[PDB]
Amino acid sequence: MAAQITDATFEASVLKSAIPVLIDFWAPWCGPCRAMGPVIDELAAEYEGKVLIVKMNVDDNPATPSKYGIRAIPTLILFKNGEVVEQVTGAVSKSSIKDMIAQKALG
């Protein structure tokens, strides 16, 4: 499952792990950002037990996007071992995110 996590909390679960992880950056003041709610919740259950999934709020955690090279936008990052390999900027459908992770994160 996915949830709303915090900069000091997510690293203790993701960055300390060897599993592939997915971040989604969002804020409640933008439309496609808050509308990712049912998107993340579908795909989070497609990858369960073999992939880690979190969403990161850019109004509550303004340093977390900035250190991954982001401002305050709907963008997702796919990586492993706590170290970036690929990002996806702009909003995308749950169907497109699954069809991508089917090789990227599941291997």
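Bear in mind the residue numbers are our own, running from 1 along each chain as written, so they may not match the entry, and residues with no coordinates are left out. As a rule here, side-chain values cover all heavy atoms of the structure and leave hydrogens and water aside.

Section: the pattern of salt bridges
One side chain can pair with another of opposite charge once the charged atoms of both are near each other. A side-chain nitrogen of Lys or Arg and a carboxyl oxygen of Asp or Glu constitute a salt bridge if their distance falls within 4 Å. Within the structure shown, the criterion is met by five salt bridges. The residue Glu-46 makes a salt bridge to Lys-98 at a minimum N-O spacing of 2.8 Å. One end of the pair, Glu-46, is in helix α3 (residues 37-46); the other, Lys-98, is in helix α5 (residues 94-104), with 52 residues separating them in the sequence. Each of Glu-42, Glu-46 and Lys-98 takes part in a single network of salt bridges with overlapping partners. A run of H or I in DSSP becomes a helix once it reaches four residues, and a run of E becomes a strand once it reaches two; helices and strands are each numbered from the N terminus.

Things to note about the UniProt feature "active site" (unreviewed entry) in the protein
UniProt positions are given in the numbering used here, feature names are shortened, and annotations may be inferred rather than shown by experiment. The sites that UniProt annotates as "active site" (unreviewed entry) are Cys-30 and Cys-33. Looking at the secondary structure, you find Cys-30 in the loop between β2 (21-26) and α2 (31-34). With respect to the helices, strands and loops of the structure, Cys-33 is situated in helix α2. For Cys-33, a relative accessible area of 2% corresponds to the buried category. Contact criterion: two residues are considered in contact whenever any of their non-hydrogen atoms come within 4.5 Å of each other. The contacts of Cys-33, once residues within four sequence positions are left out, are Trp-26, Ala-27 and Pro-74. Only protein chains enter the accessibility calculation, which uses a 1.4 Å probe; a residue is then buried when its area is under 20% of its type maximum, exposed when over 50%, and partly exposed in between.

What about the packing of α3 against α5?
Packed helices, taken two at a time, are described by their axes: the angle between them and the distance between them. To get an axis, fit a line to the C-alpha atoms, keeping to the stretch in contact for a helix; angles then go from 0 to 180 degrees between the N-to-C directions. Where α3 meets α5, the closest approach of the two axes is 9 Å, and the angle between their N-to-C directions is 25°. When the axes of α3 and α5 are compared, the pair comes out roughly parallel. Along this stretch, α3 crosses α5, giving a crossing that reads as right-handed. In this structure, α3 contributes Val-39, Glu-42, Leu-43 and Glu-46 to the contact, and α5 contributes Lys-94, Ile-97 and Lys-98. Polarity classes work like this: nonpolar for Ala, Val, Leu, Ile, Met, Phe, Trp, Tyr, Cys and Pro, charged for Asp, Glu, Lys and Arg, and polar for all others, with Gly in that last group. Across the contact of α3 with α5, the residue classes tally to three nonpolar, no polar and four charged. Here roughly perpendicular refers to angles of 65 to 115 degrees, roughly parallel to angles under 35, roughly antiparallel to angles over 145, and oblique to all remaining angles. Should the near helix be turned counterclockwise from the far one by less than a right angle, the crossing is left-handed, whereas a clockwise turn marks it as right-handed.

Structural notes on the sheet that holds strand β5 (residues 83-89)
Criterion used throughout: strands pair if DSSP finds at least two bridges between them. What the five strands build is an open sheet, ordered β1-β3-β2-β4-β5; its pairing is mixed. Both edges of this open sheet fall to β1 (4-5) and β5, since each of them pairs with a single strand only. Here six bridges tie strand β4 (residues 75-80) to β5, and the two strands are oriented antiparallel to one another. Bridge pairing in β5 links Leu-78 to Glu-86. The strands touched by α5 are β2, β4 and β5; relative to β4, the strand with the most contacts, the crossing angle is about 15°.

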